[PDB]
$ cat model.pdb   # PDB, C-alpha atoms and all ligand atoms
ATOM      1  CA  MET A   1    -146.978 -38.845 -35.636
ATOM      2  CA  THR A   2    -143.289 -38.702 -36.522
ATOM      3  CA  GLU A   3    -140.677 -40.154 -34.182
ATOM      4  CA  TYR A   4    -137.504 -38.217 -33.459
ATOM      5  CA  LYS A   5    -134.421 -39.715 -31.834
ATOM      6  CA  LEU A   6    -132.404 -37.113 -29.942
ATOM      7  CA  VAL A   7    -129.324 -37.587 -27.788
ATOM      8  CA  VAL A   8    -127.930 -35.084 -25.316
ATOM      9  CA  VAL A   9    -124.154 -34.978 -25.135
ATOM     10  CA  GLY A  10    -121.830 -33.167 -22.774
ATOM     11  CA  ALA A  11    -119.652 -33.500 -19.679
ATOM     12  CA  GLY A  12    -120.654 -35.232 -16.461
ATOM     13  CA  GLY A  13    -122.416 -32.544 -14.496
ATOM     14  CA  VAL A  14    -123.541 -30.093 -17.185
ATOM     15  CA  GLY A  15    -127.132 -30.979 -16.426
ATOM     16  CA  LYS A  16    -128.197 -33.233 -19.313
ATOM     17  CA  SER A  17    -130.213 -35.510 -17.029
ATOM     18  CA  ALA A  18    -131.818 -32.404 -15.536
ATOM     19  CA  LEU A  19    -132.945 -30.877 -18.832
ATOM     20  CA  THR A  20    -134.325 -34.203 -20.050
ATOM     21  CA  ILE A  21    -136.319 -34.726 -16.850
ATOM     22  CA  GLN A  22    -137.508 -31.104 -16.939
ATOM     23  CA  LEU A  23    -139.259 -31.832 -20.235
ATOM     24  CA  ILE A  24    -140.642 -35.188 -19.075
ATOM     25  CA  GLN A  25    -141.535 -34.752 -15.402
ATOM     26  CA  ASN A  26    -141.615 -30.949 -15.689
ATOM     27  CA  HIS A  27    -139.681 -30.613 -12.434
ATOM     28  CA  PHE A  28    -136.023 -29.975 -11.611
ATOM     29  CA  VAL A  29    -134.013 -32.627  -9.775
ATOM     30  CA  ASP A  30    -131.246 -31.463  -7.436
ATOM     31  CA  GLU A  31    -129.896 -34.978  -6.889
ATOM     32  CA  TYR A  32    -129.752 -37.590  -9.647
ATOM     33  CA  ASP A  33    -127.188 -40.251 -10.518
ATOM     34  CA  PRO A  34    -125.144 -39.144 -13.581
ATOM     35  CA  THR A  35    -124.158 -42.723 -14.451
ATOM     36  CA  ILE A  36    -127.778 -43.837 -14.803
ATOM     37  CA  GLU A  37    -128.665 -43.843 -18.490
ATOM     38  CA  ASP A  38    -132.340 -43.509 -19.369
ATOM     39  CA  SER A  39    -134.290 -42.636 -22.500
ATOM     40  CA  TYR A  40    -137.685 -40.972 -22.352
ATOM     41  CA  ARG A  41    -140.481 -40.620 -24.888
ATOM     42  CA  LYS A  42    -142.638 -37.505 -25.058
ATOM     43  CA  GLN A  43    -145.422 -36.782 -27.530
ATOM     44  CA  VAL A  44    -145.349 -33.099 -28.499
ATOM     45  CA  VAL A  45    -146.929 -31.126 -31.340
ATOM     46  CA  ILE A  46    -144.533 -28.511 -32.694
ATOM     47  CA  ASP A  47    -145.210 -26.462 -35.835
ATOM     48  CA  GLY A  48    -148.474 -28.351 -36.229
ATOM     49  CA  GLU A  49    -146.615 -31.636 -36.527
ATOM     50  CA  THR A  50    -147.171 -34.251 -33.822
ATOM     51  CA  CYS A  51    -143.824 -35.835 -33.054
ATOM     52  CA  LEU A  52    -142.700 -38.360 -30.454
ATOM     53  CA  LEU A  53    -139.407 -37.281 -28.933
ATOM     54  CA  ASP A  54    -137.045 -40.071 -27.945
ATOM     55  CA  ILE A  55    -134.392 -38.417 -25.807
ATOM     56  CA  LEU A  56    -131.609 -40.518 -24.335
ATOM     57  CA  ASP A  57    -129.582 -39.402 -21.324
ATOM     58  CA  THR A  58    -126.219 -41.104 -21.799
ATOM     59  CA  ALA A  59    -123.668 -41.500 -19.037
ATOM     60  CA  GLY A  60    -120.471 -41.044 -20.997
ATOM     61  CA  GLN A  61    -118.376 -44.186 -21.343
ATOM     62  CA  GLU A  62    -119.857 -47.445 -22.591
ATOM     63  CA  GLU A  63    -118.779 -51.035 -21.944
ATOM     64  CA  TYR A  64    -118.333 -51.605 -25.655
ATOM     65  CA  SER A  65    -117.271 -48.918 -28.115
ATOM     66  CA  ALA A  66    -119.459 -50.693 -30.676
ATOM     67  CA  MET A  67    -122.709 -49.770 -28.929
ATOM     68  CA  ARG A  68    -121.140 -46.423 -28.067
ATOM     69  CA  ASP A  69    -120.773 -45.550 -31.745
ATOM     70  CA  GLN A  70    -124.138 -47.181 -32.396
ATOM     71  CA  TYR A  71    -126.089 -44.846 -30.088
ATOM     72  CA  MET A  72    -124.357 -42.017 -31.933
ATOM     73  CA  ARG A  73    -125.488 -43.239 -35.352
ATOM     74  CA  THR A  74    -129.167 -43.833 -34.610
ATOM     75  CA  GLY A  75    -129.557 -40.317 -33.258
ATOM     76  CA  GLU A  76    -130.791 -37.727 -35.722
ATOM     77  CA  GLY A  77    -130.478 -34.698 -33.468
ATOM     78  CA  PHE A  78    -127.756 -34.134 -30.903
ATOM     79  CA  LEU A  79    -127.968 -31.565 -28.123
ATOM     80  CA  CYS A  80    -124.581 -30.250 -27.012
ATOM     81  CA  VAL A  81    -124.923 -29.004 -23.445
ATOM     82  CA  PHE A  82    -122.101 -27.346 -21.525
ATOM     83  CA  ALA A  83    -121.770 -25.377 -18.305
ATOM     84  CA  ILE A  84    -121.015 -21.649 -18.504
ATOM     85  CA  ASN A  85    -119.231 -21.943 -15.160
ATOM     86  CA  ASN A  86    -117.124 -24.882 -16.335
ATOM     87  CA  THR A  87    -114.742 -24.224 -19.223
ATOM     88  CA  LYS A  88    -113.669 -27.884 -19.071
ATOM     89  CA  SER A  89    -117.040 -28.963 -20.450
ATOM     90  CA  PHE A  90    -117.093 -26.199 -23.070
ATOM     91  CA  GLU A  91    -113.708 -27.231 -24.432
ATOM     92  CA  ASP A  92    -114.872 -30.844 -24.619
ATOM     93  CA  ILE A  93    -117.656 -29.758 -26.970
ATOM     94  CA  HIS A  94    -114.917 -29.545 -29.610
ATOM     95  CA  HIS A  95    -114.140 -33.272 -29.512
ATOM     96  CA  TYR A  96    -117.827 -34.085 -29.116
ATOM     97  CA  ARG A  97    -118.706 -32.461 -32.447
ATOM     98  CA  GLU A  98    -115.656 -34.031 -34.079
ATOM     99  CA  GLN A  99    -116.387 -37.539 -32.757
ATOM    100  CA  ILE A 100    -120.073 -37.704 -33.694
ATOM    101  CA  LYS A 101    -119.279 -36.320 -37.162
ATOM    102  CA  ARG A 102    -116.796 -39.151 -37.661
ATOM    103  CA  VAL A 103    -119.178 -41.769 -36.242
ATOM    104  CA  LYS A 104    -121.934 -40.901 -38.718
ATOM    105  CA  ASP A 105    -119.351 -39.896 -41.324
ATOM    106  CA  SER A 106    -120.974 -36.589 -42.240
ATOM    107  CA  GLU A 107    -120.295 -32.853 -42.369
ATOM    108  CA  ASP A 108    -123.803 -31.596 -41.697
ATOM    109  CA  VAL A 109    -125.250 -32.966 -38.462
ATOM    110  CA  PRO A 110    -128.345 -31.494 -36.710
ATOM    111  CA  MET A 111    -126.922 -30.060 -33.494
ATOM    112  CA  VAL A 112    -127.509 -27.172 -31.100
ATOM    113  CA  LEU A 113    -125.150 -25.566 -28.595
ATOM    114  CA  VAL A 114    -126.687 -25.138 -25.156
ATOM    115  CA  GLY A 115    -125.124 -23.268 -22.252
ATOM    116  CA  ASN A 116    -126.759 -24.530 -19.077
ATOM    117  CA  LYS A 117    -126.464 -23.072 -15.549
ATOM    118  CA  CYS A 118    -126.963 -19.504 -16.800
ATOM    119  CA  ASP A 119    -128.576 -18.632 -13.458
ATOM    120  CA  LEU A 120    -125.368 -19.459 -11.584
ATOM    121  CA  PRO A 121    -122.514 -16.931 -11.215
ATOM    122  CA  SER A 122    -118.785 -17.437 -11.869
ATOM    123  CA  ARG A 123    -119.505 -17.493 -15.592
ATOM    124  CA  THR A 124    -116.218 -18.672 -17.060
ATOM    125  CA  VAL A 125    -117.517 -19.179 -20.590
ATOM    126  CA  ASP A 126    -118.649 -15.911 -22.141
ATOM    127  CA  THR A 127    -121.617 -15.801 -24.501
ATOM    128  CA  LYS A 128    -119.420 -14.662 -27.400
ATOM    129  CA  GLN A 129    -117.028 -17.590 -26.899
ATOM    130  CA  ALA A 130    -119.901 -20.040 -27.230
ATOM    131  CA  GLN A 131    -121.614 -18.140 -30.050
ATOM    132  CA  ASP A 132    -118.301 -18.061 -31.900
ATOM    133  CA  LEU A 133    -117.984 -21.837 -31.608
ATOM    134  CA  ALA A 134    -121.604 -22.357 -32.651
ATOM    135  CA  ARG A 135    -121.077 -20.007 -35.591
ATOM    136  CA  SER A 136    -118.170 -22.159 -36.741
ATOM    137  CA  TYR A 137    -120.283 -25.321 -36.665
ATOM    138  CA  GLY A 138    -123.191 -23.489 -38.250
ATOM    139  CA  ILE A 139    -125.589 -24.355 -35.466
ATOM    140  CA  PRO A 140    -127.715 -22.284 -33.034
ATOM    141  CA  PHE A 141    -126.604 -21.493 -29.479
ATOM    142  CA  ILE A 142    -128.938 -20.904 -26.527
ATOM    143  CA  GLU A 143    -128.126 -20.141 -22.889
ATOM    144  CA  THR A 144    -130.346 -22.074 -20.484
ATOM    145  CA  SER A 145    -130.941 -23.203 -16.914
ATOM    146  CA  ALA A 146    -132.646 -26.413 -15.796
ATOM    147  CA  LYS A 147    -133.526 -24.706 -12.520
ATOM    148  CA  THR A 148    -135.575 -21.727 -13.682
ATOM    149  CA  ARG A 149    -136.325 -23.538 -16.940
ATOM    150  CA  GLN A 150    -135.130 -20.746 -19.199
ATOM    151  CA  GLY A 151    -134.840 -21.660 -22.861
ATOM    152  CA  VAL A 152    -134.987 -25.349 -21.976
ATOM    153  CA  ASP A 153    -138.108 -25.992 -24.054
ATOM    154  CA  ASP A 154    -136.904 -23.669 -26.802
ATOM    155  CA  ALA A 155    -133.628 -25.585 -27.075
ATOM    156  CA  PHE A 156    -135.417 -28.882 -27.703
ATOM    157  CA  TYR A 157    -137.885 -27.224 -30.086
ATOM    158  CA  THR A 158    -135.000 -25.738 -32.064
ATOM    159  CA  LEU A 159    -133.213 -29.101 -32.290
ATOM    160  CA  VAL A 160    -136.345 -30.676 -33.794
ATOM    161  CA  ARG A 161    -136.339 -28.063 -36.553
ATOM    162  CA  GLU A 162    -132.616 -28.609 -37.057
ATOM    163  CA  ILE A 163    -133.334 -32.265 -37.757
ATOM    164  CA  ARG A 164    -136.189 -31.356 -40.098
ATOM    165  CA  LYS A 165    -133.959 -29.053 -42.175
ATOM    166  CA  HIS A 166    -131.504 -31.914 -42.658
ATOM    167  CA  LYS A 167    -134.388 -34.213 -43.583
ATOM    168  CA  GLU A 168    -135.816 -31.883 -46.239
ATOM    169  CA  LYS A 169    -132.362 -31.136 -47.641
TER
HETATM  170  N1  LIG B   1    -127.919 -25.095 -10.134
HETATM  171  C1  LIG B   1    -128.112 -25.910 -11.166
HETATM  172  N2  LIG B   1    -127.758 -27.200 -11.087
HETATM  173  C2  LIG B   1    -127.989 -28.039 -12.106
HETATM  174  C3  LIG B   1    -128.577 -27.622 -13.226
HETATM  175  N3  LIG B   1    -128.716 -28.670 -14.030
HETATM  176  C4  LIG B   1    -128.216 -29.738 -13.415
HETATM  177  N4  LIG B   1    -127.755 -29.343 -12.232
HETATM  178  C5  LIG B   1    -127.115 -30.209 -11.218
HETATM  179  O1  LIG B   1    -125.996 -30.943 -11.745
HETATM  180  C6  LIG B   1    -125.828 -32.098 -10.901
HETATM  181  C7  LIG B   1    -125.887 -33.362 -11.764
HETATM  182  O2  LIG B   1    -127.141 -33.434 -12.450
HETATM  183  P1  LIG B   1    -127.445 -34.694 -13.403
HETATM  184  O3  LIG B   1    -128.897 -34.989 -13.373
HETATM  185  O4  LIG B   1    -126.495 -35.781 -13.081
HETATM  186  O5  LIG B   1    -127.087 -34.107 -14.859
HETATM  187  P2  LIG B   1    -125.842 -34.687 -15.700
HETATM  188  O6  LIG B   1    -125.249 -35.833 -14.975
HETATM  189  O7  LIG B   1    -124.967 -33.567 -16.106
HETATM  190  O8  LIG B   1    -126.566 -35.266 -17.017
HETATM  191  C8  LIG B   1    -126.993 -32.082  -9.921
HETATM  192  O9  LIG B   1    -126.642 -31.369  -8.723
HETATM  193  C9  LIG B   1    -128.026 -31.312 -10.716
HETATM  194  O10 LIG B   1    -129.050 -30.791  -9.857
HETATM  195  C10 LIG B   1    -128.945 -26.350 -13.375
HETATM  196  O11 LIG B   1    -129.457 -25.963 -14.422
HETATM  197  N5  LIG B   1    -128.722 -25.445 -12.334
HETATM  198  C1  LIG B   2    -135.197 -48.745 -26.477
HETATM  199  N1  LIG B   2    -135.900 -47.701 -27.240
HETATM  200  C2  LIG B   2    -137.323 -47.714 -26.870
HETATM  201  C3  LIG B   2    -135.345 -46.379 -26.927
HETATM  202  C4  LIG B   2    -133.906 -46.327 -27.447
HETATM  203  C5  LIG B   2    -133.307 -44.946 -27.175
HETATM  204  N2  LIG B   2    -131.886 -44.909 -27.592
HETATM  205  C6  LIG B   2    -131.426 -43.778 -28.147
HETATM  206  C7  LIG B   2    -132.302 -42.704 -28.269
HETATM  207  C8  LIG B   2    -132.104 -41.727 -29.238
HETATM  208  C9  LIG B   2    -131.021 -41.812 -30.101
HETATM  209  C10 LIG B   2    -130.123 -42.865 -29.971
HETATM  210  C11 LIG B   2    -130.322 -43.830 -28.992
HETATM  211  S1  LIG B   2    -129.251 -45.213 -28.919
HETATM  212  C12 LIG B   2    -129.696 -45.745 -27.316
HETATM  213  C13 LIG B   2    -128.724 -46.222 -26.444
HETATM  214  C14 LIG B   2    -129.092 -46.688 -25.188
HETATM  215  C15 LIG B   2    -130.434 -46.699 -24.824
HETATM  216  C16 LIG B   2    -131.401 -46.231 -25.706
HETATM  217  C17 LIG B   2    -131.038 -45.728 -26.951
END

$ encode --input "model.pdb" --output "structure tokens"
Amino acid sequence: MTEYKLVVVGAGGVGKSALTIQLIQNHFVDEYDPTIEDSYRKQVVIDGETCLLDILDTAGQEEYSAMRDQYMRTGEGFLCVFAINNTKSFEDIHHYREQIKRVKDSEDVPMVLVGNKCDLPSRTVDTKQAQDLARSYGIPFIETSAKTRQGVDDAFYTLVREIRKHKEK
């Protein structure tokens, strides 16, 4: 069994802690503290390969920038989640990609763009806008919802393959 370290990044409220729990507990949580950081391990067999997923739900700001950059260097796959009804989070995805790339000092980093809250209206971020950004980074983009669980599993599954491609490259 191969172990995969994945970190979900985004703004406070995009639903990172919801997506992570949806894969672990298999149930949506309407109320959960965003500041509480917790990493979960899940044994899944994708593509015939049994892999243990180590997903960490970060809060945002760390006490020490040292450990902050550290948790960004140990991660092999990073899930970029934003809210389609919150352009503020989508625009922050720009600095998120930039930062992590500088932390690991690389050009090619296994990442996936995820647009959560697709079930909710007031869609400020259009699909094309996100796809355009993803296209620039050279990574896949998937619209999801932690409520109805649409594309949530697929997003994680895709990230795993993204990591693999970088490993066999
Ligand atoms: N309606 C809706 N709310 C969501 C969704 N995902 C997360 N939320 C809500 O976003 C708020 C914060 O969730 P939280 O677990 O803190 O996620 P995070 O802090 O963004 O990582 C809570 O009200 C969650 O129920 C979603 O997909 N749909
Ligand atoms: C403590 N270990 C059993 C889990 C560590 C998980 N971890 C994390 C997970 C995936 C990529 C990077 C990181 S760095 C980090 C930071 C805080 C807590 C746990 C971790």

$ residues_near_ligand --input "model.pdb" --ligand "ligand LIG 2 (chain B)" --cutoff "7 Å" --atoms "all atoms listed in the file" --output "PyMOL selection string"
chain A and resi 5-7+38-39+54-56+70-72+74-76

$ atom_distance --input "model.pdb" --atom1 "atom CA of residue A:85" --atom2 "atom CA of residue A:140"
19.8 Å

$ closest_residue --input "model.pdb" --among "A:73, A:91, A:137, A:152" --to "ligand LIG 1 (chain B)" --atoms "all atoms listed in the file"
A:152

$ closest_residue --input "model.pdb" --among "A:16, A:102, A:169, A:42" --to "ligand LIG 1 (chain B)" --atoms "only C-alpha atoms and all ligand atoms"
A:16

$ residues_around --input "model.pdb" --residues "residue A:19" --least-positions-apart "4" --cutoff "10 Å" --atoms "only C-alpha atoms" --output "list in words"
residues 8, 14, 15, 23, 24, 26, 27, 28, 29, 57, 81, 116, 144, 145, 146, 147, 149, 152, 153, 155 and 156 of chain A

$ atom_distance --input "model.pdb" --atom1 "atom CA of residue A:164" --atom2 "atom CA of residue A:112"
13.2 Å

$ closest_residue --input "model.pdb" --among "A:166, A:59, A:151, A:30" --to "residue A:107" --atoms "only C-alpha atoms"
A:166

$ residues_around --input "model.pdb" --residues "residue A:92" --least-positions-apart "3" --cutoff "9 Å" --atoms "all atoms listed in the file" --output "list in words"
residues 10, 11, 82, 87, 88, 89, 95, 96 and 97 of chain A

$ resolve_selection --input "model.pdb" --expression "the PyMOL selection byres (((chain A and resi 134) around 12) and not hetatm)" --output "NGL selection string"
:A and (80-81 or 90 or 93-94 or 97 or 111-115 or 127-133 or 135-143)

$ residues_near_point --input "model.pdb" --point "(-124.9, -35.6, -31.9)" --cutoff "6 Å" --atoms "all atoms listed in the file" --output "PyMOL selection string"
chain A and resi 77-78+100

$ write_last_selection --input "model.pdb" --atoms "C-alpha atoms" --output "tab-separated table (two decimals), in the coordinates of the input"
chain	number	residue	atom	x	y	z
A	77	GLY	CA	-130.48	-34.70	-33.47
A	78	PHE	CA	-127.76	-34.13	-30.90
A	100	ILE	CA	-120.07	-37.70	-33.69

$ closest_residue --input "model.pdb" --among "A:126, A:103, A:36, A:52" --to "residue A:67" --atoms "only C-alpha atoms"
A:103

$ axis_aligned_box --input "model.pdb" --around "ligand LIG 1 (chain B)" --padding-each-side "8 Å" --output "lines of an AutoDock Vina configuration file"
center_x = -127.2
center_y = -30.5
center_z = -12.9
size_x = 20.5
size_y = 26.7
size_z = 24.3

$ atom_distance --input "model.pdb" --atom1 "atom CA of residue A:40" --atom2 "atom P2 of ligand LIG 1 (chain B)"
15.0 Å

$ residues_around --input "model.pdb" --residues "residue A:51" --least-positions-apart "2" --cutoff "6 Å" --atoms "all atoms listed in the file" --output "JSON, numbers by chain"
{"A": [1, 2, 3, 43, 44, 45]}

$ write_last_selection --input "model.pdb" --atoms "C-alpha atoms" --output "PDB file, keeping the file's coordinate frame"
ATOM      1  CA  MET A   1    -146.978 -38.845 -35.636  1.00  0.00           C
ATOM      2  CA  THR A   2    -143.289 -38.702 -36.522  1.00  0.00           C
ATOM      3  CA  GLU A   3    -140.677 -40.154 -34.182  1.00  0.00           C
ATOM      4  CA  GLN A  43    -145.422 -36.782 -27.530  1.00  0.00           C
ATOM      5  CA  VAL A  44    -145.349 -33.099 -28.499  1.00  0.00           C
ATOM      6  CA  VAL A  45    -146.929 -31.126 -31.340  1.00  0.00           C
TER       7      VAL A  45
END

$ closest_residue --input "model.pdb" --among "A:79, A:9, A:53, A:66" --to "ligand LIG 1 (chain B)" --atoms "only C-alpha atoms and all ligand atoms"
A:9

$ residues_around --input "model.pdb" --residues "residue A:84" --least-positions-apart "6" --cutoff "7 Å" --atoms "only C-alpha atoms" --output "number ranges by chain"
A: 115-118, 123-125

$ closest_residue --input "model.pdb" --among "A:148, A:65, A:21, A:154" --to "residue A:120" --atoms "all atoms listed in the file"
A:148
